[PDB]
Each structure stands twice: as C-alpha cells, then as structure tokens.
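The data below hold one chain only, encoded as structure tokens and taken in the form deposited without the partner chain.
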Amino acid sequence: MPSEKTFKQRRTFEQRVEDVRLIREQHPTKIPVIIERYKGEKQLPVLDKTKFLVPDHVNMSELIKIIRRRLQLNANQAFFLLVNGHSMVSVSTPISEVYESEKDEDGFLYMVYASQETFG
C-alpha cells in the first residue's frame, strides 16, 4: 500500500478542472476547496477527504471548524493550516474573497494542514 501521492500528482489538471465544472453548475453560489497534508509537516496521516465545498457567505473560521469534524481531534490536540505551504493559521477573512486571492490553476482553494507550527 503506497498511498503517498497528492491530488495534483494523482488527478490530472484537466480532471481537476472538470470537477470545478460540476461544482459551479450544482453550486453556483459556493466555493470549492482542495486541502492536503503539508510537505514540511508530515505528522497527520491522509485526511478523510481532499476536496470539500464551502458556502461563499462563510469565513476562514467556518472552514477551519469543518476541518475539525473532518479530522478526529479538537483545538486542544493540534490544528494548524496554511496556503501554498508558506503561510500562518489566520481566521477572519470571508472565504468569498479569500478564494479569489488563493484560487488555483484549475479553480480550487488549495491549502495544507499540520499538527504543529515548527519549520523543517
């Protein structure tokens, strides 16, 4: 059992763009998201999911709140997220504008998580 590849290495760009077509057709007023494990912090195993939709009227806090239930822990255990593998864990910006500022080549809010805040 290898299981050591990311969504960009597993799915092709066209396949990822094809998924955005259905996400906007079904949810024209929502924001798609693609979060995976951070390369610098490889402690947490593969999450239950890699792509999840989010309401455009929500903020980073609601997105982090969903990742808590997506994972099996809480704020006391460990919760650190960052975009492009080069950011901190900030929460307050509305996903509506945060997505437009952190979109991806295929149209997805690419981000990564970690169980700590140390460097490599």
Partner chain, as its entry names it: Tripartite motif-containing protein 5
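Positions refer to the first chain, counted from 1.
There is another form of the same protein, the form deposited with the partner chain bound; it is not shown, and what comes next is about it.
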{"query": "The partner chain contact at residue 98 in the deposited bound form, heavy atom, 4.5 Å", "finding": "no"}
{"query": "In the deposited bound form, residue 55 touching the partner chain (heavy atom, 4.5 Å)", "finding": "yes"}
{"query": "Partner proximity in the deposited bound form: residue 70 to the partner chain, non-hydrogen atom cutoff 4.5 Å", "finding": "yes"}
{"query": "In the deposited bound form, residue 51 touching the partner chain (heavy atom, 4.5 Å)", "finding": "yes"}
{"query": "Partner contacts for 20 to 41, taking the partner chain in the deposited bound form and a 4.5 Å heavy atom cut-off", "finding": "22, 23, 26, 27, 30, 32, 33, 34"}
